[PDB]
Structures are given as C-alpha cells and as structure tokens.
Amino acid sequence: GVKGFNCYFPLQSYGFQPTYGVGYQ
C-alpha cells in the first residue's frame with residue numbers, strides 16, 4: 001500500500017489461470 005496508484009502487483013492484477021493469463025498485458 002504505497003502512496004499512489006503503483007503498488008498493485010501483477011499476479012494480483014492479471015488473473016492466473018490459462019483463461020485470462022493468455023490475454024494481453
């Protein structure tokens with residue numbers, strides 16, 4: 001939780017399963 005919108009993690013912002021993990025980052 002860092003001051004500003006730049007603390008969110010990738011693993012927690014890109015799903016995990018092959019259903020969404022195969023999307024576009």
# chains A, B, ... in the order shown; residues from 1 in each chain; ligands from 1

$ residues_around --residues "residue 14 of chain A" --least-positions-apart "4" --cutoff "10 Å" --atoms "only C-alpha atoms" --output "list in words"
residues 9, 10, 20, 21, 22, 23, 24 and 25 of chain A

$ write_last_selection --atoms "C-alpha atoms" --output "PDB file, in the first residue's frame"
ATOM      1  CA  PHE A   9       1.016  -6.388  -8.023  1.00  0.00           C
ATOM      2  CA  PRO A  10       0.950  -8.100 -11.445  1.00  0.00           C
ATOM      3  CA  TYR A  20      -7.125 -14.925 -18.705  1.00  0.00           C
ATOM      4  CA  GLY A  21      -3.392 -15.476 -18.341  1.00  0.00           C
ATOM      5  CA  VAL A  22      -3.285 -15.879 -22.114  1.00  0.00           C
ATOM      6  CA  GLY A  23      -4.542 -12.343 -22.655  1.00  0.00           C
ATOM      7  CA  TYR A  24      -2.648  -9.140 -23.403  1.00  0.00           C
ATOM      8  CA  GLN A  25      -0.578  -7.201 -20.869  1.00  0.00           C
TER       9      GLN A  25
END
